[PDB]
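Reviewing the structure listed below.
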Amino acid sequence: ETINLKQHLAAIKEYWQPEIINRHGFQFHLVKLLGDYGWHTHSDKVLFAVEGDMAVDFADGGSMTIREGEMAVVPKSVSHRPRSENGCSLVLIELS
Amino acid sequence: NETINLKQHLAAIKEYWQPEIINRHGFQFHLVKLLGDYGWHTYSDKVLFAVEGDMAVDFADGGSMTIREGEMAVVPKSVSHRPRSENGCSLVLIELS
C-alpha cells in the first residue's frame, strides 16, 4: 500500500488539518502550514517538506529551515513551533 | 545544517547499489540508487520514498508493489522482498535506530 504524496496532498484543502495514515510501525501525517499555531511537544519525527518552505522554532531560540525537497528530524519532547512564511505541504513520519 | 537536501545528497552519489547513510537523532537515512535488481533481501521497518524515478518491490507472498516518483511505502522487517527498478530510481530509506 504505497501512499501517493501529491495525491493526498492535492485533496486536503485547509491549513492545519492533518490527514493521518497508518502503515505498520509508522504513522504518517500530511498537513499544509501557513502562518504558525504556537508551540507543541509529542518519539522522534521526520518532517519532509514536500512543497513550500518551512521552519521550526525551538524554545531556546534555535531555528531550523526545511526548504522544499528537504528533510529534517524534530527530536522527541522538545517544545517547538512549526511555521511557514508562505505555505508548505508537509509529510511527517512517526512511530508507535 | 541539521537538514538533508535530498537532491544535492543524491546528485553526489553516482554509483549504483551504494547507499550513503545519514544519522539524525533516532533515525537512519539510506540514499541509494537502484537499477535492475540484486535478488531477494530481507531488522526494523523501513519507509521507502521514491525521490526520483520509479521502482517496484516484489514480496515472498506473491504481491508486488509499484512505488513511482513521489510516493512512499513501507517494507516491514522480516518480509523477504526483492527491490528493483526498470529504468533507475533514487530512493530514501528510513528507520529508527
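Here Cβ is always computed from backbone atoms with ideal geometry, including for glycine, and neighbour counts include all displayed protein chains. Bear in mind these aren't lab numbers, they're just calculated from the coordinates by the rules spelled out.
The convex hull defined by the C-alpha atoms of the protein assembly as shown has an orientation-averaged projected area of 10.7 nm². Rounded to the nearest 500, the helix-only mean residue ellipticity at 222 nm of the protein assembly as shown stands at -1500 deg cm²/dmol, with each DSSP H run of n ≥ 4 adding -39,500 (n - 2.57). Once the dipole of the protein assembly as shown is set up with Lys and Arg at +1 and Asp and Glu at -1 on Cβ about the Cα centre, which of B:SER97, A:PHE28, A:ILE12 lies farthest towards its positive end? Farthest along the dipole direction, towards plus: B:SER97. With 22 Å as the limit, the listed pairs A:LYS45/B:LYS33; B:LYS14/B:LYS77; A:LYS6/A:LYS32 have A:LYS45/B:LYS33; B:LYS14/B:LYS77 beyond it between alpha carbons.
Positive contributions from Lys and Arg (+1) and negative ones from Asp and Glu (-1), summed over other residues with Cβ under 14 Å from the Cβ of B:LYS33, come out at -4.
Using a simple charge model, +1 on the beta-carbon of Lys and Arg, -1 on the beta-carbon of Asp and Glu, nothing else, what dipole does the protein assembly as shown show about its Cα centre, in debye to the nearest 20?
140 debye
Overall, the ratio between the Cα radius of gyration of the stretch B:1-65 and 2.2 N^0.38 Å, rounded to two decimals, is 1.25. Computing FRET efficiency as 1/(1 + (r/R0)^6) for A:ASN86 and B:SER97, where r is the C-beta to C-beta distance and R0 is 35 Å, gives about 0.55. Our summary of shape: the Cα atoms of the stretch B:32-92 have principal axis extents of 26, 19, 18 Å, ordered from largest down, in whole angstrom.
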